[PDB]
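Reviewing the structure listed below.
In what follows, every heavy atom counts, from backbone to side chain, and hydrogens, waters and symmetry copies are set aside. In what follows, every chain begins at residue 1, and chains take the letters A, B, ... in the order their sequences are listed.
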Amino acid sequence: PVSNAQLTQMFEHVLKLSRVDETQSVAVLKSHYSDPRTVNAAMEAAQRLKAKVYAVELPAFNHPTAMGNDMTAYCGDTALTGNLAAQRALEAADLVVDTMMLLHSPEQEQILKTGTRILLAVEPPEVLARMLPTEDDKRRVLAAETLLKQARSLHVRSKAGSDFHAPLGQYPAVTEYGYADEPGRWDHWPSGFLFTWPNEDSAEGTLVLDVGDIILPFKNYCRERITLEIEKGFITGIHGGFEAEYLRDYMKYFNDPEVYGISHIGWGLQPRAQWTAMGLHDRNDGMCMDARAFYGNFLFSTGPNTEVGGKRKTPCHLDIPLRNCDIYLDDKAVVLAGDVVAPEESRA
Amino acid sequence: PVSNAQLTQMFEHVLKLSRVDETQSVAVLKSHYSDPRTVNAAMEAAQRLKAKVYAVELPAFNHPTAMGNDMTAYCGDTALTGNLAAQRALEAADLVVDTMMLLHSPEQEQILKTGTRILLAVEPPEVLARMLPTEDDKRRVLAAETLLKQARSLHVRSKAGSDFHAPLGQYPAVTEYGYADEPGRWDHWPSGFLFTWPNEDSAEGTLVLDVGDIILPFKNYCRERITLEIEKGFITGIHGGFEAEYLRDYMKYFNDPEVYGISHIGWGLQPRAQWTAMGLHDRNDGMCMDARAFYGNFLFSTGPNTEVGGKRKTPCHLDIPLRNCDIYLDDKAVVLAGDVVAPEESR
Amino acid sequence: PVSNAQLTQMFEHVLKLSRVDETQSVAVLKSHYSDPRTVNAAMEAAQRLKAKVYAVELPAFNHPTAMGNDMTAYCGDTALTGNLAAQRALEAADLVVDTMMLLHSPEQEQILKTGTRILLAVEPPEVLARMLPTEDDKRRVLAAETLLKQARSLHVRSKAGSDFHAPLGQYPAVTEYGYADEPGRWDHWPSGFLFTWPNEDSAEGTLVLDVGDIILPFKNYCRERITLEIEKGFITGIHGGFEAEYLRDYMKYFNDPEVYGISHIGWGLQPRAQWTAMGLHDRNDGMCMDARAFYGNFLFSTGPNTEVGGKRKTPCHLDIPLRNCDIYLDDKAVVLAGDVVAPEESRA
Amino acid sequence: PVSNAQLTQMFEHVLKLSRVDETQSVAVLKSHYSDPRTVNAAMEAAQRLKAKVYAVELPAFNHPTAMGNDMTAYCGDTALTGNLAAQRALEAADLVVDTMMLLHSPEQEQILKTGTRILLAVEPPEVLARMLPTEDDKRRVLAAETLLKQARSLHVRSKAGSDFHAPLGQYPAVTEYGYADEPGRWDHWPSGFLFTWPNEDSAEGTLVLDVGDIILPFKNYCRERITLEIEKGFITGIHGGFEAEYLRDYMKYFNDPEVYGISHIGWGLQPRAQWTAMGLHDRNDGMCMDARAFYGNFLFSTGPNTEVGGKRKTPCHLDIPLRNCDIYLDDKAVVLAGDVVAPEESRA
Amino acid sequence: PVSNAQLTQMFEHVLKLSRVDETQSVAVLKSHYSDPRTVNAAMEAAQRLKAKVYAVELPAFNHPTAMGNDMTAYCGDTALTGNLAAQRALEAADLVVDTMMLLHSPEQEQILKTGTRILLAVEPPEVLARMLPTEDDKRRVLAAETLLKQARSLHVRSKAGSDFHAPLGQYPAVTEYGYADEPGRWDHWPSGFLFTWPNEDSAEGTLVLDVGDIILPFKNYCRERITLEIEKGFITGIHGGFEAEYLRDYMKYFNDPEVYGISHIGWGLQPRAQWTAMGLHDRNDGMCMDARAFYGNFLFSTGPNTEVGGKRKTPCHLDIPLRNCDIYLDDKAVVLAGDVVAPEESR
Ligand SMILES: [Fe+3]
Ligand SMILES: [Fe+3]
Ligand SMILES: [Fe+3]
Ligand SMILES: [Fe+3]
Ligand SMILES: [Fe+3]
């Protein structure tokens, strides 16, 4: 386990990579459920870098219909919704350390538009240490991003039966390499992956959750296959046994056709993230960045796409990483059988 | 997540539904393992309603042979057993907010017999907020109870193979609608369901735990079927694969034939409870009232029944909700394929 | 003693008097030394009034040369000095509940000038309850302020030998009635008094600390007389025995001729404040608002006057209430032998 | 659950069995993640027995590459590595209560070599109460030990297809019966089992994890079989469906052939431990001594063996108990179909 | 006030003055009453300097007959008396940060004889910051010590009537400059003063506590004079008004003639310490190192001298600083009218 002293040293490293120095102001955003050891380490480390530091504490926002403790489960209103003063309190900072998980939401976008940069840090200290961000991780993700920006389409195949086509061009490519060095940029310690969105009403085919694939926020390894049939950018069919029935029930609960929309699509570039990691944890340990970032995954998501100017505001959000996939940009392979093959400068 | 201010507001709402005002005294019952946020919310809410409040703290009571942290798992002695002074300090109050989970017991029965009412509140704040009680839930539950009170039998059928018959008449109906408004009432925030017990030595047939059905306190979704054979009110056969072997091994550990007795039988009337909720939580988050109360479930239980004056006092306790069942009172359906059909006022 | 539930109810009362409702944003300002019970009561009461609430936490600022724990002791820089982001986080709010004691500083002044109002709340809960603010206190203090705003001079006599003259006109009158209802305005729960500053270089004569008079932050009842001789707005002589020597030593330690300047002058209008209260407390309990506000005192201060555009930024600050005084505005008595006599509408 | 009073009485019972009295010194070793109720009960109980007591707190040692919170998962350096002062602070004591889980290490070995005794106590109080140690447990385990010490081979068979042979003689028998009564003794409250190591490069055959068998630290009941092929003391094949792929991916993570080595092999003598217990718990509750200790299990381990002077110091460590096994010492059965049959004096 | 981050930085500064680096082990010694913020800052500062750090927690030791919370008040047994294992756990370390205050004792003497050095840090963080140690303070104190080691007598006069003679030679000089850089060194953050002991049975004359002089641990400014008559090293007369009566009654309570023995004698070299500071604090804020160390004081003490091998073991312990004194070493003034004059290097 990580000592307090070590956790402060980790935050000094990551805040330095985030370009925090005596010219910079740092806001540590927190709520009653934020990890106090992480809040303290962030506040202390920023002071040690001679930054101007303050904490902003928001009362927790409850979604009555939300189930489970995972903050990614319910993307609706947040503690900032209608709270312009608190938003201005974050906009005043050069860098916000988010320890409460501001959903990508309209208010977070305006903060980023002022040139404030935002670093999410919510995973437990031991997970923060295993995937301590590096400039080399930035280099590899940005190399990958060069290909993604150039792509007119993304295609996924797998032996299990994935056969999925996403026309690209309408939406930007987004990177997460673990540190918030650029003004107006959001990132997540820990991370190391990239994604875009398909063009409106355009994603088509089949995505198969094989045995051993993951649904977040369920934080289960599939023991039975689930087939997702996609037409015009929407899931139209969810087929399998029990796990398929559980997924259909959960998605129906929200009573909104928007939950079936395909949102972000991309691949994982983090070799310190591990597909096996989730099964050594309890659900409430964190949001499982290991499952989202692991090297060579294909990661897709469902529901809201508001954050890049899409139509869909729906709260129901799933992140689904698939293993063993072939991933093409315009029929050049970036991943084959779950190993990163291109570009050469993105490989571990 | 639920803020401290919102949790106090929720306790104000539920204590009002529970008829707490400045004439009433409230005892907040806790042990070392009680959620301090919930305790503080109940104490503050009661003071704001100008009630006469105090907290009662008991040393935790340990069952040395009990496995796991779920306090429904081992039904024996409580912190109240042989503690008459502690029992009288709770009897003094109009309303007890139980944050430590006093199991049903002759001591809790005696508290309720003084007219004191008891509200259990142990689930996490977020769950308490999702199933915040309503007068509407009490009306629907009492509409169901009217039908159950007059029933002479209960019958369960499922496509998976359930075919279960329980003659009624010997035992009363119990409601749980989330609040403790009546003197001598016990209730549980959250809830929204009702049950009774089968006549002695009478329950008969097959109950199939299908893929997806749940055992409490294991808190797992069955990935294989378990077939229960029941004769004269007792499970005489448990068949299937691994889940069946696990359940057999767990029930044998108590070395007590009373573990196999069918206790309460009922259905769920809580639409804000969800069959899917359990899979989003860790085991220690709570006792999973979602699984017990979700709308259209059939809920049966095993082990002790001395809370209704039955013969069995065994500590081994299971709660097993089944989905997609047909539930009949005397050949009138109250649930079909897991949807509540009757009475209309309960839907 | 005061329960948590009662402390929250007191904050609902005071924030309502302070015009907090669903149209308003409230920042609760704190540091590590703030009372957590008061912070929580403020945060919760604001939430109950449906205000948009957030807390702002600043790292404690230390004055190495400062002695004792009394924040009023050392009026130098604060946690806001060169922390413009933190200052903007406070300016964002309609009302700041100050639980860390932002001295009267160029920064507080700037926040007030944006329209933000500020309520200081640092005394212990039992003291907050004894002097829970009323609209009637506001009425009495504003009735007194009418006469002060009409005055061209202030004069103090006492049997012990006070004979003190202060020309007025250059500086404004300031009230503290316990709540922050008016935009751009600072107040302190608890209070109930008013003051102004003498014209530059003009205050003259003698102020005598009699047996039983008080020096803050020493928090002592004088057991020997101290005579202060004042010329052209400055103490030129401090005479007596031991208490006089202690005071000379304390003031000399600051090595700054500015500490001897007379700052604010006024009288006490709080009958719920008591001259005897300090003797029932330890020093660290609070800053002793009873000694500042008690009905019919004459209160004068030394040192900094930067807060109203005076020349003196000096950190050494004393507050000295005198009992049994005759206090005049021009030829009119407002207090005689320590009883408030005018105006009639200011009396208890 | 277990009250603070009952926890103190339990620690008095176990410290008495551990020969703590007024002649003895007890050190309670802790880190930031230690259960404070257990530390307090150990300190209080040692003082009730009139022993001299002190607590030693070490900073947490982190393994950056370790996954999950289970400290048995990663055998490397510890907080004692390069920390002779802390080692000597524990050597000063007659008995160390370890509430932080000092892994078997050269430094711990040096503590025991001085004569100091070590009791590990990290499982939750309720688990500590259910397997509260008895003199009778020690008797039964030592009776098993007298057979194990002279055995020349150990053999395992099951219906599921285990057929495993381990030549013995190179390595000692180790017992755990729940208390530290003898000088230089290490034991773990709770326990009740025993094991050896196979001769170097000698273990041969097949171990089948049947449906229901367990891997620690994964804390899963297998839902399909895993077949392990062992040649010359190493796993050379891992076969099944999902569990097998997950196990293979976990083990290859460490990029070290030592991970596949068979370490300790033994059987369980704790009837108060239960194979069903793990399924009622969350992963972070404890290390699941129930799974290691249950009466009639076969427990084998993988990875490091330097604790007995073997060659392997690899951090990757698995404990794997099997049910329903026949266990032979030479051609004398000690367990048949997961039931303990010999010695007679070892049975429950 | 001092932030957590600044308090760690202060410990970094003082541990570096104390020669803590990657090579050194640090034991942070605490009990239940130790300031957790100061303990945490010492642990974090030591880890940041890459020292091998551990904390040692001892059960508190109580003197049933001691009055007040000041631990200088009652010199006897400590948490280390009869706890050899705890003593060895501290001897294992290069440096001990004492946050619980071990009184001088045969056990602490034994720790220092191993080469272990000990830094006392128990005053509040704001006091630690006002008197943050400097090498300049060490140089000035050591300049004074050079002169003291050569002195054959110490003499005090004051206009208030002090006329006190102490022959020297028998006992060493002790410095406190705020940091534990040398092995076997004990020191105290904060400090900045030095003292010795009078030859056995030799101290003679009068010490007058003027109006404004202080008794520790009473922590009062005298409002009336107290005259101490001293013969052959012992207070024989205590005269004055109410402070004298209180002092007589306090010293009689110990029922022990050793309480009247004169122990250490010395002068203050800390200008950042202030005679006025005590009057701004509550008694429980700390020991009042300000009163002990302020520049140009004369500091004498009563009771035990066992720590330099004197005969007196008595627990009753007073520290009394006098203002405006003339202090002479054999004819050379080191202080005149409370101003440090010699050596020039010490000013
Ligand atoms: Fe997503
Ligand atoms: Fe039940
Ligand atoms: Fe003032
Ligand atoms: Fe092992
Ligand atoms: Fe002394």
Side-chain angles (χ1 to χ4, degrees), chain B residues 30-34 57-74 77-79 83 99-101 103 122 211 215-224 240-255 281-288 316-318, chain D residues 1-10 13 35-37 40-41 123-132 134 160 190 209-214 219-225 242 271-286 288-291 294-296 323-324 338 348:
Chain B
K30 70 175 174 176
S31 196
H32 72 269
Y33 55 88
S34 293
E57 177 151 33
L58 306 181
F61 188 89
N62 199 61
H63 301 291
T65 61
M67 298 191 280
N69 299 127
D70 187 306
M71 291 201 40
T72 69
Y74 201 99
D77 287 1
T78 71
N83 197 345
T99 75
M100 74 177 280
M101 178 105 197
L103 292 188
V122 287
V211 167
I215 304 166
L216 309 181
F218 306 169
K219 295 145 182 177
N220 61 236
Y221 297 96
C222 292
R223 301 309 306 256
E224 300 173 287
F242 167 61
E243 278 96 351
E245 188 197 349
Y246 181 98
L247 176 61
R248 284 195 305 266
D249 182 293
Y250 180 76
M251 293 179 96
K252 274 175 69 180
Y253 165 77
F254 292 85
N255 201 18
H281 285 274
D282 294 321
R283 290 197 170 85
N284 295 331
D285 291 358
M287 54 182 282
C288 200
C316 190
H317 171 243
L318 307 176
Chain D
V2 176
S3 77
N4 291 3
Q6 185 173 320
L7 192 55
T8 295
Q9 274 167 37
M10 285 155 57
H13 169 84
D35 186 342
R37 297 179 70 237
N40 293 340
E123 291 296 81
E126 295 64 29
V127 171
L128 292 186
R130 181 165 47 82
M131 294 174 276
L132 187 70
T134 64
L209 282 63
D210 198 5
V211 174
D213 286 333
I214 299 181
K219 298 159 172 150
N220 291 146
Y221 298 100
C222 292
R223 296 307 301 261
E224 348 165 43
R225 295 189 167 163
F242 169 61
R272 292 182 290 153
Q274 295 287 321
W275 164 76
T276 57
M278 191 178 67
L280 290 156
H281 274 282
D282 293 322
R283 293 205 179 75
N284 296 323
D285 292 353
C288 195
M289 288 308 297
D290 276 278
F294 69 92
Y295 193 79
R323 273 140 62 248
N324 303 329

Fill in: Student check: side-chain heavy atoms of B:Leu216 and B:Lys219 closer than 4.5 Å
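The answer is yes; the side chains approach within 4.5 Å.
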
Item to complete: Answer whether the closest heavy-atom distance between the side chains of D:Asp213 and D:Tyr221 falls below 4.5 Å.
Response: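 D:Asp213 does not reach D:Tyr221 side chain to side chain.
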
Which portion of [X] sits near chain D, non-hydrogen atoms under 4.5 angstrom:
X	answer
B:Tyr253	side chain
B:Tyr250	both
B:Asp70	neither
B:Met100	neither
B:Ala66	backbone

Fill in: Side-chain donor or acceptor of D:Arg37 paired with backbone N/O of D:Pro125 under 3.5 Å
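No: the side chain of D:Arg37 does not pair with the backbone of D:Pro125.
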
Item to complete: Quick one: do D:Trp275 and D:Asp290 satisfy side chain to side chain contact (heavy atoms under 4.5 Å, CB included)? Show the steps, please.
Response: CA-CA 6 Å; D:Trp275 164 76; D:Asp290 276 278; over 6 Å; no

Worksheet entry | Residue selection (most heavy-atom pairs with chain D, distance under 4.5 Å) from B:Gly241, B:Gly68, B:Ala79, B:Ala73 |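 Winner by heavy-atom pair count: B:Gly68.
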
Worksheet entry | Max heavy-atom pair count under 4.5 Å with chain D, selected residue of B:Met67, B:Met71, B:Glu245 |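 Counting heavy-atom pairs under 4.5 Å, the top option is B:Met67.
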
Fill in: Segment of D:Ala277 engaging chain B (4.5 angstrom heavy-atom cut-off)
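Contact with chain B: backbone and side chain both.
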
Item to complete: For each of D:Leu132, D:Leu280, D:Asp282, tally heavy-atom pairs with chain B at distances under 4.5 Å, and name the one with the top tally.
Response: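 So the answer, after comparing D:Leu132, D:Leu280, D:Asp282, is D:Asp282.
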
Worksheet item: Judged by modelled atom types alone, do B:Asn284 and D:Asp285 share a side-chain donor-acceptor pair under 3.5 Å?
Response: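 Side-chain D/A pair, B:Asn284 to D:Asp285: present.
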
Worksheet item: Closest approach of D:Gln274 and B:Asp249, non-hydrogen atoms and distance?
Response: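 For D:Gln274 and B:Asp249, the tightest heavy-atom pair comes out as OE1-OD1, 4.2 Å.
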
Worksheet item: Which atom pair, heavy atoms only, marks the closest approach of D:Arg223 to B:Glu224?
Response: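 Answer, listing the atom of D:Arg223 first, then B:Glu224: NH2-OE1, 2.9 Å.
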
